[PDB]
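Engineer: The file below is query18.cif, mmCIF, C-alpha atoms and all ligand atoms:
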data_model
#
loop_
_atom_site.label_atom_id
_atom_site.label_comp_id
_atom_site.auth_asym_id
_atom_site.auth_seq_id
_atom_site.Cartn_x
_atom_site.Cartn_y
_atom_site.Cartn_z
CA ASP G 840 -2.53 -39.68 9.44
CA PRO G 841 -3.93 -39.37 13.08
CA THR G 842 -7.55 -40.08 11.92
CA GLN G 843 -6.34 -43.42 10.45
CA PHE G 844 -6.13 -46.08 13.25
CA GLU G 845 -4.51 -49.55 12.82
CA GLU G 846 -6.76 -52.22 14.52
CA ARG G 847 -3.77 -54.41 15.56
CA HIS G 848 -2.64 -51.51 17.81
CA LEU G 849 -6.08 -51.18 19.53
CA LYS G 850 -5.91 -52.86 22.98
CA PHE G 851 -9.29 -53.83 24.54
CA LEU G 852 -9.64 -52.39 28.10
CA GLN G 853 -13.41 -52.64 28.96
CA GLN G 854 -17.01 -52.74 27.62
CA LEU G 855 -18.90 -49.39 27.68
CA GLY G 856 -22.30 -50.15 26.16
CA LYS G 857 -24.60 -52.14 23.84
CA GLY G 858 -27.22 -49.84 22.26
CA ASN G 859 -28.56 -50.26 18.71
CA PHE G 860 -26.96 -52.96 16.42
CA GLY G 861 -23.42 -52.66 17.86
CA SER G 862 -21.16 -52.10 20.90
CA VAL G 863 -18.82 -49.47 22.41
CA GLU G 864 -15.48 -50.43 23.99
CA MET G 865 -12.83 -48.48 25.87
CA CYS G 866 -9.52 -49.18 24.10
CA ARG G 867 -5.95 -47.98 24.31
CA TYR G 868 -4.55 -47.08 20.88
CA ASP G 869 -1.03 -48.29 21.67
CA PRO G 870 1.30 -48.51 18.58
CA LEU G 871 4.35 -48.54 20.94
CA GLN G 872 3.17 -51.57 23.08
CA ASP G 873 4.23 -49.80 26.35
CA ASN G 874 0.65 -49.00 27.56
CA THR G 875 1.41 -45.23 27.08
CA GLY G 876 -1.13 -44.87 24.23
CA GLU G 877 -4.28 -42.75 24.14
CA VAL G 878 -7.51 -44.14 25.64
CA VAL G 879 -10.40 -43.86 23.10
CA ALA G 880 -14.02 -45.06 22.79
CA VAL G 881 -14.55 -47.54 19.93
CA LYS G 882 -17.88 -48.35 18.32
CA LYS G 883 -18.13 -51.55 16.29
CA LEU G 884 -21.08 -53.58 14.93
CA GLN G 885 -22.03 -56.87 16.65
CA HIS G 886 -23.77 -57.90 13.33
CA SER G 887 -22.01 -56.22 10.46
CA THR G 888 -24.35 -57.10 7.55
CA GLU G 889 -24.36 -55.05 4.26
CA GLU G 890 -27.36 -52.92 5.44
CA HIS G 891 -25.87 -52.36 8.92
CA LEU G 892 -22.44 -51.38 7.49
CA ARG G 893 -24.13 -48.89 5.12
CA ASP G 894 -26.09 -47.27 8.00
CA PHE G 895 -22.98 -47.31 10.25
CA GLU G 896 -20.91 -45.48 7.59
CA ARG G 897 -23.67 -42.79 7.47
CA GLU G 898 -23.50 -42.49 11.31
CA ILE G 899 -19.73 -42.06 11.02
CA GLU G 900 -20.14 -39.28 8.39
CA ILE G 901 -22.78 -37.63 10.62
CA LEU G 902 -20.47 -37.63 13.67
CA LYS G 903 -17.46 -36.46 11.64
CA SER G 904 -19.51 -33.48 10.38
CA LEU G 905 -20.34 -32.19 13.86
CA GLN G 906 -18.02 -29.91 15.80
CA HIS G 907 -19.65 -28.64 19.02
CA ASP G 908 -18.67 -28.54 22.73
CA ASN G 909 -21.74 -30.67 23.62
CA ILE G 910 -21.36 -33.40 20.90
CA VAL G 911 -18.95 -36.38 21.36
CA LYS G 912 -15.78 -35.83 19.28
CA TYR G 913 -15.10 -38.03 16.24
CA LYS G 914 -11.41 -39.13 16.15
CA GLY G 915 -11.21 -41.50 13.21
CA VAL G 916 -12.15 -44.81 11.58
CA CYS G 917 -10.47 -48.23 11.54
CA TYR G 918 -10.95 -50.29 8.31
CA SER G 919 -10.62 -54.13 8.11
CA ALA G 920 -9.13 -55.88 5.04
CA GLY G 921 -11.49 -57.63 2.61
CA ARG G 922 -15.17 -57.22 3.68
CA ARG G 923 -14.35 -53.67 4.97
CA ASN G 924 -15.70 -53.90 8.57
CA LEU G 925 -15.61 -50.52 10.26
CA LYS G 926 -14.75 -49.21 13.69
CA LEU G 927 -15.67 -45.69 14.76
CA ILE G 928 -13.00 -44.08 17.02
CA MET G 929 -14.14 -41.34 19.35
CA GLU G 930 -13.06 -39.51 22.46
CA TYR G 931 -13.60 -41.45 25.74
CA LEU G 932 -15.83 -39.51 28.21
CA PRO G 933 -14.69 -40.92 31.54
CA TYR G 934 -17.71 -40.23 33.75
CA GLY G 935 -19.97 -42.54 31.59
CA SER G 936 -23.61 -41.95 30.65
CA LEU G 937 -25.62 -39.19 32.24
CA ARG G 938 -28.25 -41.77 33.14
CA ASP G 939 -25.68 -43.83 35.19
CA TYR G 940 -23.99 -40.67 36.61
CA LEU G 941 -27.31 -39.27 37.88
CA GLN G 942 -28.61 -42.67 39.10
CA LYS G 943 -25.37 -42.98 41.15
CA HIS G 944 -25.22 -39.48 42.73
CA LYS G 945 -28.99 -38.71 42.83
CA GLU G 946 -29.98 -35.45 44.67
CA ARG G 947 -26.22 -34.72 45.34
CA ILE G 948 -26.43 -33.18 41.80
CA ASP G 949 -28.47 -30.04 42.59
CA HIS G 950 -31.04 -28.23 40.42
CA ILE G 951 -28.43 -25.59 39.30
CA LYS G 952 -26.26 -28.50 38.04
CA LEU G 953 -29.20 -30.29 36.34
CA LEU G 954 -30.00 -27.00 34.52
CA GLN G 955 -26.34 -26.56 33.42
CA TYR G 956 -26.61 -30.06 31.79
CA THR G 957 -30.07 -29.20 30.39
CA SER G 958 -28.65 -26.02 28.73
CA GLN G 959 -25.71 -28.06 27.28
CA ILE G 960 -28.12 -30.70 25.84
CA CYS G 961 -30.29 -27.90 24.26
CA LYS G 962 -27.17 -26.30 22.75
CA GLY G 963 -25.92 -29.60 21.28
CA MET G 964 -29.44 -30.21 19.85
CA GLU G 965 -29.77 -26.70 18.46
CA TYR G 966 -26.45 -27.15 16.64
CA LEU G 967 -27.55 -30.61 15.34
CA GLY G 968 -30.71 -28.94 13.93
CA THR G 969 -28.67 -26.32 11.97
CA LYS G 970 -27.23 -29.35 10.01
CA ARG G 971 -30.81 -30.67 9.36
CA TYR G 972 -30.08 -33.82 11.40
CA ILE G 973 -32.81 -35.51 13.49
CA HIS G 974 -31.35 -37.45 16.44
CA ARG G 975 -34.44 -39.66 17.07
CA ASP G 976 -32.91 -41.21 20.24
CA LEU G 977 -32.41 -38.35 22.70
CA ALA G 978 -32.41 -39.93 26.20
CA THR G 979 -30.12 -39.70 29.28
CA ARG G 980 -28.63 -43.10 28.39
CA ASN G 981 -27.32 -41.49 25.12
CA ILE G 982 -25.78 -38.41 26.81
CA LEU G 983 -22.24 -38.77 28.16
CA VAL G 984 -20.44 -37.02 31.01
CA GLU G 985 -16.99 -35.56 30.31
CA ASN G 986 -16.59 -34.08 33.82
CA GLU G 987 -18.87 -32.53 36.53
CA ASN G 988 -19.23 -29.38 34.33
CA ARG G 989 -19.84 -30.82 30.83
CA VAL G 990 -22.10 -33.35 29.09
CA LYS G 991 -22.16 -34.30 25.42
CA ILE G 992 -24.69 -35.94 23.10
CA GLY G 993 -23.68 -39.38 21.83
CA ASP G 994 -25.17 -42.36 20.01
CA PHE G 995 -26.09 -41.01 16.57
CA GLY G 996 -27.08 -44.56 15.51
CA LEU G 997 -30.73 -43.60 14.75
CA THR G 998 -29.90 -40.13 13.36
CA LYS G 999 -31.53 -39.16 10.04
CA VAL G 1000 -30.84 -36.37 7.60
CA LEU G 1001 -33.91 -34.36 6.54
CA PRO G 1002 -34.67 -34.46 2.77
CA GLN G 1003 -33.85 -31.12 1.06
CA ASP G 1004 -37.54 -30.27 0.49
CA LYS G 1005 -39.14 -31.68 3.67
CA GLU G 1006 -39.19 -30.76 7.40
CA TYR G 1007 -39.64 -34.39 8.46
CA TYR G 1008 -38.09 -37.79 7.76
CA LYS G 1009 -40.48 -40.78 7.48
CA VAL G 1010 -39.00 -44.14 8.65
CA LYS G 1011 -40.59 -46.86 6.41
CA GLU G 1012 -39.60 -50.08 8.28
CA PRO G 1013 -38.58 -49.24 11.85
CA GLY G 1014 -36.16 -51.29 13.92
CA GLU G 1015 -35.99 -51.23 17.74
CA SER G 1016 -37.60 -47.87 18.67
CA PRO G 1017 -37.56 -46.01 22.03
CA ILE G 1018 -41.37 -45.57 21.99
CA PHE G 1019 -41.58 -44.09 25.51
CA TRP G 1020 -39.54 -41.04 24.25
CA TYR G 1021 -41.52 -40.76 20.90
CA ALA G 1022 -43.74 -37.88 19.85
CA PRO G 1023 -47.33 -38.99 18.91
CA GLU G 1024 -46.71 -38.39 15.16
CA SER G 1025 -43.60 -40.60 15.40
CA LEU G 1026 -45.77 -43.37 16.93
CA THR G 1027 -48.63 -42.97 14.45
CA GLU G 1028 -46.90 -42.05 11.18
CA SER G 1029 -43.20 -42.79 11.87
CA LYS G 1030 -42.53 -39.04 11.17
CA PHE G 1031 -39.37 -37.53 12.75
CA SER G 1032 -38.45 -33.86 12.83
CA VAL G 1033 -36.71 -31.22 14.95
CA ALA G 1034 -40.12 -30.98 16.75
CA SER G 1035 -40.14 -34.73 17.62
CA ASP G 1036 -36.57 -34.29 18.97
CA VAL G 1037 -38.01 -31.41 21.13
CA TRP G 1038 -40.69 -33.85 22.44
CA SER G 1039 -37.82 -36.30 23.37
CA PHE G 1040 -35.93 -33.42 25.01
CA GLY G 1041 -39.01 -32.92 27.27
CA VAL G 1042 -38.71 -36.60 28.28
CA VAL G 1043 -34.93 -36.10 29.00
CA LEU G 1044 -35.86 -33.10 31.22
CA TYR G 1045 -38.33 -35.40 33.07
CA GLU G 1046 -35.54 -38.09 33.45
CA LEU G 1047 -33.13 -35.56 34.97
CA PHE G 1048 -35.65 -34.23 37.53
CA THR G 1049 -36.72 -37.78 38.59
CA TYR G 1050 -32.99 -38.45 39.28
CA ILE G 1051 -33.48 -41.82 37.41
CA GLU G 1052 -35.75 -43.27 40.19
CA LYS G 1053 -36.50 -46.74 38.56
CA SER G 1054 -40.25 -46.78 39.47
CA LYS G 1055 -40.51 -43.28 37.89
CA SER G 1056 -38.88 -44.00 34.51
CA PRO G 1057 -40.87 -43.07 31.35
CA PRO G 1058 -41.50 -46.83 30.53
CA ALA G 1059 -42.66 -47.58 34.13
CA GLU G 1060 -44.96 -44.54 34.22
CA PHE G 1061 -46.48 -44.91 30.74
CA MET G 1062 -47.04 -48.67 31.36
CA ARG G 1063 -48.79 -47.77 34.63
CA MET G 1064 -51.05 -45.28 32.75
CA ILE G 1065 -51.99 -47.66 29.91
CA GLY G 1066 -52.12 -50.66 32.27
CA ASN G 1067 -49.29 -53.15 32.99
CA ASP G 1068 -51.44 -55.87 31.27
CA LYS G 1069 -50.73 -54.31 27.84
CA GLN G 1070 -48.21 -56.25 25.73
CA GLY G 1071 -46.34 -56.03 22.41
CA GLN G 1072 -48.12 -53.98 19.67
CA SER G 1073 -51.08 -53.24 22.12
CA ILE G 1074 -48.63 -51.02 24.14
CA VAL G 1075 -48.14 -48.74 21.09
CA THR G 1076 -51.92 -48.66 20.30
CA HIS G 1077 -52.81 -47.71 23.93
CA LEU G 1078 -49.87 -45.26 24.24
CA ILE G 1079 -51.09 -43.36 21.11
CA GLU G 1080 -54.67 -43.12 22.59
CA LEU G 1081 -53.22 -42.02 25.97
CA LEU G 1082 -51.15 -39.20 24.38
CA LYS G 1083 -54.10 -38.13 22.14
CA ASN G 1084 -56.19 -37.70 25.36
CA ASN G 1085 -53.42 -35.61 27.04
CA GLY G 1086 -52.11 -38.41 29.23
CA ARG G 1087 -48.58 -37.33 30.16
CA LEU G 1088 -45.76 -38.17 32.53
CA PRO G 1089 -46.41 -36.59 35.97
CA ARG G 1090 -44.52 -33.67 37.45
CA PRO G 1091 -41.39 -35.16 39.17
CA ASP G 1092 -41.35 -34.83 42.99
CA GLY G 1093 -39.74 -31.49 43.96
CA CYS G 1094 -39.49 -30.28 40.33
CA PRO G 1095 -39.68 -26.45 40.07
CA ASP G 1096 -42.87 -25.18 38.35
CA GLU G 1097 -40.88 -23.27 35.65
CA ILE G 1098 -39.05 -26.51 34.66
CA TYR G 1099 -42.23 -28.58 34.64
CA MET G 1100 -43.84 -25.91 32.35
CA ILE G 1101 -40.97 -26.46 29.88
CA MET G 1102 -41.57 -30.26 29.86
CA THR G 1103 -45.32 -29.86 29.26
CA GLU G 1104 -44.71 -27.33 26.39
CA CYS G 1105 -42.31 -29.83 24.71
CA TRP G 1106 -45.10 -32.46 24.99
CA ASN G 1107 -47.58 -30.55 22.85
CA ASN G 1108 -49.67 -32.75 20.47
CA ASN G 1109 -49.52 -29.77 18.02
CA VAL G 1110 -46.08 -30.17 16.35
CA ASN G 1111 -45.83 -26.44 15.42
CA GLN G 1112 -46.54 -25.31 18.99
CA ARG G 1113 -43.53 -27.07 20.54
CA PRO G 1114 -40.68 -24.66 21.53
CA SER G 1115 -37.49 -24.38 19.46
CA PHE G 1116 -34.10 -25.48 20.86
CA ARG G 1117 -32.84 -21.86 20.34
CA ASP G 1118 -35.65 -20.68 22.67
CA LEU G 1119 -35.19 -23.54 25.11
CA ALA G 1120 -31.47 -22.70 25.66
CA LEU G 1121 -32.40 -19.02 26.18
CA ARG G 1122 -35.16 -19.96 28.65
CA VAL G 1123 -33.06 -22.46 30.60
CA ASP G 1124 -30.11 -19.99 30.85
CA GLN G 1125 -32.48 -17.26 32.20
CA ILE G 1126 -33.80 -19.74 34.85
CA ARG G 1127 -30.12 -20.56 35.73
CA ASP G 1128 -29.40 -16.78 35.96
CA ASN G 1129 -32.42 -16.23 38.27
CA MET G 1130 -31.36 -19.18 40.48
CA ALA G 1131 -27.75 -17.84 40.69
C1 LIG A 1201 -22.47 -45.98 24.93
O1 LIG A 1201 -21.35 -45.23 25.40
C2 LIG A 1201 -20.75 -44.35 24.54
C3 LIG A 1201 -21.22 -44.07 23.26
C4 LIG A 1201 -20.52 -43.20 22.42
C5 LIG A 1201 -21.03 -42.90 21.05
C6 LIG A 1201 -20.99 -41.61 20.52
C7 LIG A 1201 -21.42 -41.34 19.23
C8 LIG A 1201 -21.93 -42.36 18.45
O2 LIG A 1201 -22.44 -42.10 17.22
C9 LIG A 1201 -21.98 -43.65 18.95
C10 LIG A 1201 -21.55 -43.91 20.24
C11 LIG A 1201 -19.34 -42.63 22.87
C12 LIG A 1201 -18.84 -42.86 24.18
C13 LIG A 1201 -17.72 -42.24 24.80
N1 LIG A 1201 -17.35 -42.42 26.05
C14 LIG A 1201 -18.13 -43.27 26.79
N2 LIG A 1201 -17.86 -43.37 28.10
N3 LIG A 1201 -19.20 -43.95 26.34
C15 LIG A 1201 -19.56 -43.74 25.03
#
Could you spell out this file's structure in structure tokens?
Ligand SMILES: COc1cc(-c2ccc(O)cc2)cc2cnc(N)nc12
Structural biologist:
Amino acid sequence: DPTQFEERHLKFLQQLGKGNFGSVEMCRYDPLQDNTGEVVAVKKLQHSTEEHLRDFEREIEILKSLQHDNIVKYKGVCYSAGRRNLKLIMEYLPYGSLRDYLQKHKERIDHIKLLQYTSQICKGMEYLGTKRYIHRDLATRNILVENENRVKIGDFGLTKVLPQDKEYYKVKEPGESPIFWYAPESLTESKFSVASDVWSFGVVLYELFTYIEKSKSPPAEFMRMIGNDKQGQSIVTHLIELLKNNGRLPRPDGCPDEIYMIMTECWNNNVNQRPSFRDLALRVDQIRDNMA
């Protein structure tokens, strides 16, 4: 009953984001028309083709299956009559994306706080891995802020389920891809694994410690290293050669050595040498303990 939401009772309040092949809106589920209803986050498809609806239903089943303090909560689904368009209903995290939150407050969020968020992201990712899910799009823009003390992973739109007999998922015909967060084997062979999510986690750690300084973003820095003259497919070709030759994002200004060492270990060309999320959460919590 409460996981079944009638669309006619969903009142549009504001736009929240436009990520993959859809959009997220803040709505009030108000079946009493007195504006006393619950505020929820609603994901819908901008282009709801057969293929997109099929992938969106898998995203919904993925989100529904996850129950963790650092993963956005699934609330329900709204079904349309006839062609069966879908809306994913989720909890609304009022402080918005971690990217926007950090870009707004900057260094007013101290290192202790950044490491609390880092630990929460590792814990959400470690739990995701126990379900054999590969996020593929871990970035601060896809992490949401519930309050000053808690962040949660969102946007499971690129998430893949590992085959039963394989430790990677190969994407045959990729769509829009966040190449500046991709592990080298994801760029070269379109192979995604827990280890490529660890590589992305290293990029998220870099984002946090740059405080989202625009000129320091992973796309701005990698484009600077390959040359700003590179365009389209040439960007991927030169990025692969850069990573193969140990070109990496620089240490963020004022980043503690112990944190930078974690980033560089996540960015290992050798897939098997990257740390596990279980170990990362242990390591980050010890650093937090030493700082406290
Ligand atoms: C883009 O902003 C958001 C995205 C999601 C979300 C989560 C899981 C998922 O598979 C797809 C989308 C949820 C959101 C919740 N509260 C706010 N502020 N924003 C949100």
Engineer: Using all atoms listed in the file, which of the listed residues (G:957, G:843, G:942, G:904) sits closest to ligand LIG 1201 (chain A)?
Structural biologist: G:904
Engineer: If you take all atoms listed in the file and a cut-off of 9 Å, which residues of chain G touch ligand LIG 1201 (chain A), and what are their nearest atom pairs and distances in Å to one decimal, in chain and number order, as JSON lines?
Structural biologist:
{"residue": "G:854", "atom": "CA", "partner": "A:LIG1201", "partner_atom": "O1", "distance": 9.0}
{"residue": "G:855", "atom": "CA", "partner": "A:LIG1201", "partner_atom": "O1", "distance": 5.3}
{"residue": "G:856", "atom": "CA", "partner": "A:LIG1201", "partner_atom": "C1", "distance": 4.4}
{"residue": "G:857", "atom": "CA", "partner": "A:LIG1201", "partner_atom": "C1", "distance": 6.6}
{"residue": "G:858", "atom": "CA", "partner": "A:LIG1201", "partner_atom": "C1", "distance": 6.7}
{"residue": "G:862", "atom": "CA", "partner": "A:LIG1201", "partner_atom": "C1", "distance": 7.4}
{"residue": "G:863", "atom": "CA", "partner": "A:LIG1201", "partner_atom": "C1", "distance": 5.6}
{"residue": "G:864", "atom": "CA", "partner": "A:LIG1201", "partner_atom": "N3", "distance": 7.8}
{"residue": "G:865", "atom": "CA", "partner": "A:LIG1201", "partner_atom": "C14", "distance": 7.5}
{"residue": "G:879", "atom": "CA", "partner": "A:LIG1201", "partner_atom": "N1", "distance": 7.7}
{"residue": "G:880", "atom": "CA", "partner": "A:LIG1201", "partner_atom": "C13", "distance": 5.1}
{"residue": "G:881", "atom": "CA", "partner": "A:LIG1201", "partner_atom": "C11", "distance": 7.5}
{"residue": "G:882", "atom": "CA", "partner": "A:LIG1201", "partner_atom": "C10", "distance": 6.1}
{"residue": "G:895", "atom": "CA", "partner": "A:LIG1201", "partner_atom": "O2", "distance": 8.7}
{"residue": "G:898", "atom": "CA", "partner": "A:LIG1201", "partner_atom": "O2", "distance": 6.0}
{"residue": "G:899", "atom": "CA", "partner": "A:LIG1201", "partner_atom": "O2", "distance": 6.8}
{"residue": "G:901", "atom": "CA", "partner": "A:LIG1201", "partner_atom": "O2", "distance": 8.0}
{"residue": "G:902", "atom": "CA", "partner": "A:LIG1201", "partner_atom": "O2", "distance": 6.0}
{"residue": "G:910", "atom": "CA", "partner": "A:LIG1201", "partner_atom": "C7", "distance": 8.1}
{"residue": "G:911", "atom": "CA", "partner": "A:LIG1201", "partner_atom": "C6", "distance": 5.7}
{"residue": "G:912", "atom": "CA", "partner": "A:LIG1201", "partner_atom": "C6", "distance": 7.9}
{"residue": "G:913", "atom": "CA", "partner": "A:LIG1201", "partner_atom": "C7", "distance": 7.7}
{"residue": "G:927", "atom": "CA", "partner": "A:LIG1201", "partner_atom": "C9", "distance": 7.8}
{"residue": "G:928", "atom": "CA", "partner": "A:LIG1201", "partner_atom": "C11", "distance": 8.7}
{"residue": "G:929", "atom": "CA", "partner": "A:LIG1201", "partner_atom": "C11", "distance": 6.4}
{"residue": "G:930", "atom": "CA", "partner": "A:LIG1201", "partner_atom": "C13", "distance": 5.9}
{"residue": "G:931", "atom": "CA", "partner": "A:LIG1201", "partner_atom": "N1", "distance": 3.9}
{"residue": "G:932", "atom": "CA", "partner": "A:LIG1201", "partner_atom": "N1", "distance": 3.9}
{"residue": "G:933", "atom": "CA", "partner": "A:LIG1201", "partner_atom": "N2", "distance": 5.3}
{"residue": "G:934", "atom": "CA", "partner": "A:LIG1201", "partner_atom": "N2", "distance": 6.5}
{"residue": "G:935", "atom": "CA", "partner": "A:LIG1201", "partner_atom": "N2", "distance": 4.2}
{"residue": "G:936", "atom": "CA", "partner": "A:LIG1201", "partner_atom": "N2", "distance": 6.4}
{"residue": "G:980", "atom": "CA", "partner": "A:LIG1201", "partner_atom": "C1", "distance": 7.6}
{"residue": "G:981", "atom": "CA", "partner": "A:LIG1201", "partner_atom": "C1", "distance": 6.6}
{"residue": "G:982", "atom": "CA", "partner": "A:LIG1201", "partner_atom": "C3", "distance": 8.1}
{"residue": "G:983", "atom": "CA", "partner": "A:LIG1201", "partner_atom": "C14", "distance": 6.2}
{"residue": "G:984", "atom": "CA", "partner": "A:LIG1201", "partner_atom": "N2", "distance": 7.4}
{"residue": "G:985", "atom": "CA", "partner": "A:LIG1201", "partner_atom": "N1", "distance": 8.1}
{"residue": "G:991", "atom": "CA", "partner": "A:LIG1201", "partner_atom": "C6", "distance": 8.9}
{"residue": "G:992", "atom": "CA", "partner": "A:LIG1201", "partner_atom": "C6", "distance": 7.2}
{"residue": "G:993", "atom": "CA", "partner": "A:LIG1201", "partner_atom": "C6", "distance": 3.7}
{"residue": "G:994", "atom": "CA", "partner": "A:LIG1201", "partner_atom": "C8", "distance": 3.6}
{"residue": "G:995", "atom": "CA", "partner": "A:LIG1201", "partner_atom": "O2", "distance": 3.9}
{"residue": "G:996", "atom": "CA", "partner": "A:LIG1201", "partner_atom": "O2", "distance": 5.5}
{"residue": "G:997", "atom": "CA", "partner": "A:LIG1201", "partner_atom": "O2", "distance": 8.8}
{"residue": "G:998", "atom": "CA", "partner": "A:LIG1201", "partner_atom": "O2", "distance": 8.6}
Engineer: So how far away is atom CA of residue 950 of chain G from atom CA of residue 1101 of chain G, in Å?
Structural biologist: 14.6 Å
Engineer: List as a list in words the protein and nucleic acid residues near residue 1115 of chain G, meaning an atom at most 8 Å away when all atoms listed in the file are counted, but skip any in the same chain fewer than 4 places from it.
Structural biologist: residues 1034, 1037 and 1119 of chain G
Engineer: Check the smallest atom-to-atom distance from each of G:1075, G:937, G:920, G:954 to residue 1128 of chain G using only C-alpha atoms, then report the winner.
Structural biologist: G:954
Engineer: Can you list, as number ranges by chain, every protein, DNA or RNA residue that comes within 10 Å of residue 1057 of chain G when you count all atoms listed in the file, leaving out same-chain residues fewer than 6 positions away?
Structural biologist: G: 1018-1020, 1042-1043, 1045-1046, 1049, 1051, 1063, 1087-1089
Engineer: Can you write out the residues you just picked, keeping C-alpha atoms, as an mmCIF file, in the coordinates of the input?
Structural biologist:
data_model
loop_
_atom_site.group_PDB
_atom_site.id
_atom_site.type_symbol
_atom_site.label_atom_id
_atom_site.label_comp_id
_atom_site.auth_asym_id
_atom_site.auth_seq_id
_atom_site.Cartn_x
_atom_site.Cartn_y
_atom_site.Cartn_z
ATOM 1 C CA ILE G 1018 -41.370 -45.570 21.990
ATOM 2 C CA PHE G 1019 -41.580 -44.090 25.510
ATOM 3 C CA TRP G 1020 -39.540 -41.040 24.250
ATOM 4 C CA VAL G 1042 -38.710 -36.600 28.280
ATOM 5 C CA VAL G 1043 -34.930 -36.100 29.000
ATOM 6 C CA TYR G 1045 -38.330 -35.400 33.070
ATOM 7 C CA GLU G 1046 -35.540 -38.090 33.450
ATOM 8 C CA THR G 1049 -36.720 -37.780 38.590
ATOM 9 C CA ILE G 1051 -33.480 -41.820 37.410
ATOM 10 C CA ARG G 1063 -48.790 -47.770 34.630
ATOM 11 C CA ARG G 1087 -48.580 -37.330 30.160
ATOM 12 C CA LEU G 1088 -45.760 -38.170 32.530
ATOM 13 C CA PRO G 1089 -46.410 -36.590 35.970
#
Engineer: Just give me the gap between atom CA of residue 850 of chain G and atom CA of residue 888 of chain G in Å, one decimal is fine.
Structural biologist: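 Taking atom CA of residue 850 of chain G as the start and atom CA of residue 888 of chain G as the end point, the length is 24.4 Å.
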Engineer: Contacts of residue 1012 of chain G at 12 Å or less, counting all atoms listed in the file, minus same-chain residues fewer than 4 places along, as a VMD selection string?
Structural biologist: chain G and resid 1016 1028 to 1030
Engineer: May I ask which of the residues G:1011, G:914, G:891, G:897 is the closest one to residue 878 of chain G, counting only C-alpha atoms?
Structural biologist: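 The shortest atom-to-atom distance to residue 878 of chain G comes from G:914.
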Engineer: Enumerate, as a PyMOL selection string, the protein, DNA and RNA residues whose atoms approach (-41.2, -29.5, 31.2) to within 9 Å, taking into account all atoms listed in the file and the coordinate frame of the file.
Structural biologist: chain G and resi 1041-1042+1044-1045+1090+1096-1106
Engineer: Can you work out the spacing between atom CA of residue 941 of chain G and atom CA of residue 978 of chain G in Å, to one decimal?
Structural biologist: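 So the answer is 12.8 Å.
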Engineer: Rank nothing, just name the residue among G:893, G:975, G:1069, G:922 nearest to residue 1022 of chain G, using only C-alpha atoms.
Structural biologist: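 Result for the nearest residue to residue 1022 of chain G: G:975.
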Engineer: Using all atoms listed in the file, which residues sit within 8 Å of residue 1117 of chain G once same-chain residues fewer than 6 positions away are excluded, as a list in words?
Structural biologist: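 The contact residues come out as residues 961, 962 and 965 of chain G.
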Engineer: Please provide as a PyMOL selection string all residues within 12 Å of residue 1065 of chain G, with the sequence filter that same-chain residues fewer than 6 positions apart are discarded (counting all atoms listed in the file).
Structural biologist: chain G and resi 1019+1058-1059+1073-1082+1084+1086-1088
Engineer: Considering only C-alpha atoms, can you say which of G:892, G:1121, G:916, G:948 comes closest to residue 849 of chain G?
Structural biologist: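 Of G:892, G:1121, G:916, G:948, the one nearest residue 849 of chain G, counting only C-alpha atoms, is G:916.
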